[PDB]
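Worksheet: one structure, shown below.
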Amino acid sequence: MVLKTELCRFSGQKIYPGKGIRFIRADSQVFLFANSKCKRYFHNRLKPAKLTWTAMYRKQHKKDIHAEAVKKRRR
Amino acid sequence: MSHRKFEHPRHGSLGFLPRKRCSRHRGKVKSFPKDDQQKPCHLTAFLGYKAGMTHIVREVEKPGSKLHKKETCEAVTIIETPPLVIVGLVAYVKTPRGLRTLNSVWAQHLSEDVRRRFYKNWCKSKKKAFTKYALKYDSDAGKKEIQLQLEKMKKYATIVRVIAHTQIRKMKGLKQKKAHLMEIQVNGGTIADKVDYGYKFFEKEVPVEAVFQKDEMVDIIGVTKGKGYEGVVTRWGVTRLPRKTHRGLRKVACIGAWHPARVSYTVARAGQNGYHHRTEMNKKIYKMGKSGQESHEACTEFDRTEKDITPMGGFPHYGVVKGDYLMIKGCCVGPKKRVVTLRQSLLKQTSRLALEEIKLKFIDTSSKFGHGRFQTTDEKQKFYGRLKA
Amino acid sequence: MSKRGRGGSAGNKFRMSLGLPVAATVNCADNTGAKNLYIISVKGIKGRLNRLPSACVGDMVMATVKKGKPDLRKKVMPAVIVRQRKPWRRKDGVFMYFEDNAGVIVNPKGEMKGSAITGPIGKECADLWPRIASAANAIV
RNA sequence: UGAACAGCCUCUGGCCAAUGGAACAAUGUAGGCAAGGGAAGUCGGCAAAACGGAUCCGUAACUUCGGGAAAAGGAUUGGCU
RNA sequence: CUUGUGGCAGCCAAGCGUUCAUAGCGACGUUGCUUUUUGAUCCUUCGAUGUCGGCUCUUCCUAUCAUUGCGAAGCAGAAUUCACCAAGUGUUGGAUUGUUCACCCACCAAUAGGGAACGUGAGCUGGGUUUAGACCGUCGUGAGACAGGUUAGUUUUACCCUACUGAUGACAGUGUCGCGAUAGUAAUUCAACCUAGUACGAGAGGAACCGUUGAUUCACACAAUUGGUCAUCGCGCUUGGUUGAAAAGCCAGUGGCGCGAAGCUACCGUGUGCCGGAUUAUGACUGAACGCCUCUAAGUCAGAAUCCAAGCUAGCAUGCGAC
């Protein structure tokens, strides 16, 4: 598909060349934001795991769980 | 001076001075280059409807400034440019009052062409089977009339012109069904040959590829988007008057001087803005094509992957392109769903702007904001749907 | 009569968004002991009526030292803007902006007047002024 | 709710009469918001705007020792259990 | 009106300038022009022409600061200085003062000078001048005065007519496509690269032409992008209050907040902005007048940011053609 690209360091999405906004930080780090939604989160100090649109979330569930213990007078 | 010797250049051009409503919905170039070139394949203009705008990335090449070569983003206007039905060969003889038509020839078989044309051009939106155009002549009477014109043309050396009309009925997405009759000049060789060809040329369409060559600098002429009625500030580009508060903000202060008892034409005040005829010159025609049966699409992998030139979800307020397309450099005058005409550059010089072609890499036909690039990526989003999407 | 050229910078290569008018306070990104510069004028510009001269990344700028050590203080020296918080557009089409607005004080020879840079330097600045480039911790 | 006879919402009591309809253009009037910069605007920070309540910490040269003082400047503030 | 006073431009040429009156200047004088100083005047207006400055915007003027193209030089290069055609196009930001003016800082190709009811108040501001309050100093017995200072002090009305701006529009009817009369008219400036560490120069230094690329300022568009906007009250969040709760919502003159398409919009985003001719300045040709000789008398060539097309915008609604 696309062979020349950047990668959004927030929302994960491929950024086309001739697109996006790159924040140059004072410590010389580069952060790549696909669009204005992406960069607002960074400025506001959102962790991407903090359910932003749900960026670097997506983590596995498990199943249900037993009725055991958690204070119920057994030993 | 008289007062304050700190003076500014004048706001708003005097060559773009009457900012007022265009006479017709389609711009009409008032002169054309002179007949000096190839035979009546060379129409000097073609018409389309501005579809919207897209973007293309092209890999430059120059050396003067610091950075050069490598990819560059570019704006490009996409225009749907259907093949156009040339109706007639019209004989305009030059006079010392400027050109005068002697007669106009109309095709041998019009019965749908003039009937879609007719809610301006004439009037009434196809009701009871009416709005009348002349029906084709007696068989050998009408043919004789055409050849009588050939004699007149070939004795004074007529500047050959063509009446054509835009068949917008080949497009669907644009809600207008109404053909626009227009005059496009024919350029080429000797009078006898060009006229003879021109008779045969109304018995068949003319495509995009046959009027413009790729790379060419083409002046694009249209009528700007209508904005409505607008202030001084956005009509002439004057300053706001500056204060904390002030009984006029978006205003000019003084519109003359005491002794000439009359307001100048050059002073800036409000009025209509937009819907103005304008010419915007020297636009590189990057690509000409069409959906399926002209162009391929793209060449796969590095070149680019196949991407239809419409953005997914269609152009806002236009329709969806699924036909002819023409990539003309940068911005283009007009809104969307208005006639734009392309007419070859009068300054045939070129010189060095582009010169060399500059192979199409990316189209930016944007389907993004979290997804996109046709088919597979759209499928990925649809996977997170399915039974309510 | 004609003033003879050189000095004033050169023809940028892009059209750039003005971020710093006159009378702005702008960080000193070198270790002369100066720790605040004041942009007073722009070295190269031609302006017009009412409109404040404004400068941007890579431009040659005129500055006075507002605060720091008294040796630097209240002297007027040329400066080059190394960073500006207003976006710069590169040819490729990505927009690059910096965290802070900073300039360095520079010699009239275009060599640094400062011991070292701190923070990144724009590619644009390095091209125009190659002796800012050879003072650079980082070039982006 | 909250110090509140503050504001806001509501009870009780009282109106529904503020000519009505349509478009909702520029231009006004009245109300908001603006990236980056931050008074360079201007005779002048005019008002917009920001600060703001409180608890804790911290508090100046000076002074008629009473004050300045809520100086400045910071941090804190929920739901629920 | 006038032009003493002011400003600008000449004539003469004693001198200066190593030399050398006249590259550039120019005494003692002397002739003009202008109203860009201010008076003189009372012509006009006191049953009423709104003062000054600034803010803003225009047009014009040239005695042209720059740029275009040129002629001088005590122009080697180069700074620089002089003169010409020329208002085509620019001619700046701040600090302070009500001050325009002024005076600095700082940029620059350049930061020219003047006018338009001392341009510009039913466009503004109201800071100065110039009311009523008031303080101080001086003068005055006093009341008061002050070309002395200082502060606070109401800016009314356009809907009429024209101008201008845009909107429609009756001439067989109805309607098209054109033509293009006439009017308006646009691009500007700079640096880097190359030339070139070259020409030139003893060295120090140090070009331009041409070839190249972008910027600056202006103009004209457009929303791909990017940024801004939110009344999609679209979605989420949150507080107070209100539906007993649940759920789904209501009210806070748009409740507040984070986002937000579509639309609009930003040298706060992008892209684009034309070349032929006729000529000027000026250098020339041939060549008399003036046997020779001369850009000129006759004839004639090259030639400008000029001008006129080209081109671009109104489309003659009282021009017209074809259909």
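Every residue, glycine as well, gets a Cβ built from its backbone with ideal geometry; the counts of neighbours run over all protein chains shown. Coordinate-derived values only; no laboratory data.
Taking the conditions (1) within 29 Å of A:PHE33 (Cβ to Cβ); (2) more than 14 Å from chain B (Cβ to nearest Cβ); (3) in contact (Cβ under 8 Å) with a residue 40 or more places away in the chain; (4) within 16 Å of RNA strand D (Cβ to nearest atom) in turn, C:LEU37 satisfies each one other than (1). Of the candidates B:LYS227, B:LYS244, the single residue that is within 16 Å of RNA strand D (Cβ to nearest atom) and in contact (Cβ under 8 Å) with a residue 12 or more places away in the chain is B:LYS227.
Only one of (1) in contact (Cβ under 8 Å) with a residue 60 or more places away in the chain; (2) assigned to a loop (DSSP other than H, G, I, E, B); (3) farther than 16 Å from B:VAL186 by Cβ; (4) of a type outside the set (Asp, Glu) is not met by B:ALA129, so which one is it? The number of the failed condition is (1).
Is at least one residue of the range B:211-229 hydrophobic (A, V, I, L, M, F, W, C) and over 15 Å from the mean Cα position of the chain (by Cα)? The answer is no; no qualifying residue exists.
Hey, among B:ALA253, B:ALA261, which residue is among the small types (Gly, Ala, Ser), more than 16 Å from RNA strand D (Cβ to nearest atom) and either over 27 Å from B:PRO335 (Cβ atoms) or part of a helix (DSSP H, G or I) (or both)?
Result of the check over B:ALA253, B:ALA261: B:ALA261.
Of everything in the range A:33-65 that is surrounded by fewer than 19 Cβ atoms within 10 Å (Cβ to Cβ) and among the aliphatic types (A, V, I, L, M), the residue that is farthest from C:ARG90 (Cα to Cα) is A:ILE65. Cβ-Cβ contacts under 6 Å between residues 6 or more apart (or on different chains), taken from a first residue in the range B:262-280 that is closer than 10 Å to B:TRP236 by Cα to a second residue that is in a loop (DSSP other than H, G, I, E, B) and within 13 Å of RNA strand D (Cβ to nearest atom), are listed as B:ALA268/B:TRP236; B:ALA268/B:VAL238; B:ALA268/B:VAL252; B:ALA270/B:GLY231; B:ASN273/B:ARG19; B:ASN273/B:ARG235. Can you name the number of the only condition in (1) assigned to a loop (DSSP other than H, G, I, E, B); (2) over 25 Å from B:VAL206 (Cα atoms) that B:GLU151 fails? The one condition B:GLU151 does not meet is (1).
When the range C:23-32 is examined, which residues are found to be buried (at least 16 other Cβ atoms within 10 Å of the Cβ) and of a type outside the set (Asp, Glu)?
Those that are buried (at least 16 other Cβ atoms within 10 Å of the Cβ) and of a type outside the set (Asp, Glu): C:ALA24, C:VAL26, C:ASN27, C:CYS28, C:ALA29, C:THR32.
Residues in the range C:1-16 that are closer than 19 Å to C:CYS125 by Cα and either surrounded by 15 or more Cβ atoms within 10 Å (Cβ to Cβ) or away from RNA strand D (no atom under 16 Å from the Cβ) (or both): C:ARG6, C:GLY7, C:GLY8, C:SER9, C:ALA10, C:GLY11, C:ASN12, C:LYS13, C:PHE14, C:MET16. Can you name the number of the only condition in (1) surrounded by 18 or more Cβ atoms within 10 Å (Cβ to Cβ); (2) in contact with a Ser or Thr (Cβ under 9 Å, 6 or more places away or on another chain) that B:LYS227 fails? Looking at each condition in turn, B:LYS227 falls short on (1). Looking at this structure, is A:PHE23 outside any loop (DSSP other than H, G, I, E, B) and surrounded by 10 or more Cβ atoms within 10 Å (Cβ to Cβ)? For A:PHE23, the condition - outside any loop (DSSP other than H, G, I, E, B) and surrounded by 10 or more Cβ atoms within 10 Å (Cβ to Cβ) - is met. Identify, please: which residue in the range B:1-25 is under 24 Å from the mean Cα position of the chain (by Cα) and within 15 Å of RNA strand D (Cβ to nearest atom) and is, among those, nearest to B:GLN176 (Cα to Cα)? The residue in question is B:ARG21.
Restricted to the range B:314-338, and to residues that are of a type in the set (A, V, I, L, M) and surrounded by fewer than 22 Cβ atoms within 10 Å (Cβ to Cβ), which residue is nearest to B:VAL211 (Cα to Cα)? Taking the candidates together, the pick is B:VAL333. Reported count of residues in the range A:5-17, each being facing chain B (nearest Cβ under 10 Å) and not in a loop (DSSP other than H, G, I, E, B), is 2.
Within the range B:300-313, does at least one residue satisfy the condition of being outside any loop (DSSP other than H, G, I, E, B) and either within 14 Å of chain A (Cβ to nearest Cβ) or buried (at least 17 other Cβ atoms within 10 Å of the Cβ) (or both)? Within the range B:300-313 (the criterion being outside any loop (DSSP other than H, G, I, E, B) and either within 14 Å of chain A (Cβ to nearest Cβ) or buried (at least 17 other Cβ atoms within 10 Å of the Cβ) (or both)), the answer is yes, since at least one residue qualifies. What do you reckon, is B:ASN282 over 18 Å from B:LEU47 (Cα atoms) and either assigned to a loop (DSSP other than H, G, I, E, B) or touching a strand residue (DSSP E or B) at 6+ places or on another chain (Cβ under 7 Å) (or both)? Spelling it out, it is not the case that B:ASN282 is over 18 Å from B:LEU47 (Cα atoms) and either assigned to a loop (DSSP other than H, G, I, E, B) or touching a strand residue (DSSP E or B) at 6+ places or on another chain (Cβ under 7 Å) (or both).
Being in contact (Cβ under 8 Å) with a residue 24 or more places away in the chain and either out of contact with any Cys (no Cβ under 9 Å at 6 or more places or on another chain) or of a type in the set (A, V, I, L, M, F, W, C) (or both) is the filter here, so list the residues in the range C:99-109 that pass it. Within the range C:99-109, C:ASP100, C:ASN101, C:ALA102, C:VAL104, C:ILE105, C:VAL106, C:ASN107, C:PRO108 qualify. Take the conditions (1) away from chain C (no Cβ under 14 Å); (2) touching a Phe, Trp or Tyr at 6+ places or on another chain (Cβ under 9 Å); (3) within 24 Å of B:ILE285 (Cα to Cα); B:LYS30 misses just one of them, which is (2).
Among the residues of the range C:84-140, the ones that are at the interface with another protein chain (Cβ under 7 Å from one of its Cβ atoms) and in a loop (DSSP other than H, G, I, E, B) come to 11 in all.
Is it fair to say C:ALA79 is outside any loop (DSSP other than H, G, I, E, B) and without any contact (Cβ under 8 Å) to a residue 40 or more places away in the chain? Judged against the criteria, C:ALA79 is not a match. One residue alone among B:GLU151, B:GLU183 is touching a residue at least 40 places away in the same chain (Cβ under 8 Å) and of a type outside the set (A, V, I, L, M, F, W, C), and that residue is B:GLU183. Going by the conditions given, is A:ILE24 closer than 17 Å to C:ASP92 by Cβ, without any contact (Cβ under 8 Å) to a residue 12 or more places away in the chain and within 14 Å of another protein chain (Cβ to nearest Cβ)? Spelling it out, A:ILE24 is indeed closer than 17 Å to C:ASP92 by Cβ, without any contact (Cβ under 8 Å) to a residue 12 or more places away in the chain and within 14 Å of another protein chain (Cβ to nearest Cβ). Strands (runs of 3 or more DSSP E) fully within the range C:1-72 that include at least 1 residues being within 6 Å of RNA strand E (Cβ to nearest atom) and at negative phi: C:37-41, C:60-65.
Residues are listed down the side, and each one gets a yes or a no for (1) part of a helix (DSSP H, G or I); (2) within 13 Å of chain B (Cβ to nearest Cβ); (3) not aliphatic (A, V, I, L, M):
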site: A:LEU3; (1), (2), (3): no, yes, no
site: A:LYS19; (1), (2), (3): no, yes, yes
site: A:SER28; (1), (2), (3): no, no, yes
site: A:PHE31; (1), (2), (3): no, no, yes
site: A:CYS38; (1), (2), (3): yes, yes, yes
site: A:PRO48; (1), (2), (3): no, no, yes
site: A:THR52; (1), (2), (3): no, yes, yes
site: A:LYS63; (1), (2), (3): no, no, yes
site: A:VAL70; (1), (2), (3): no, no, no
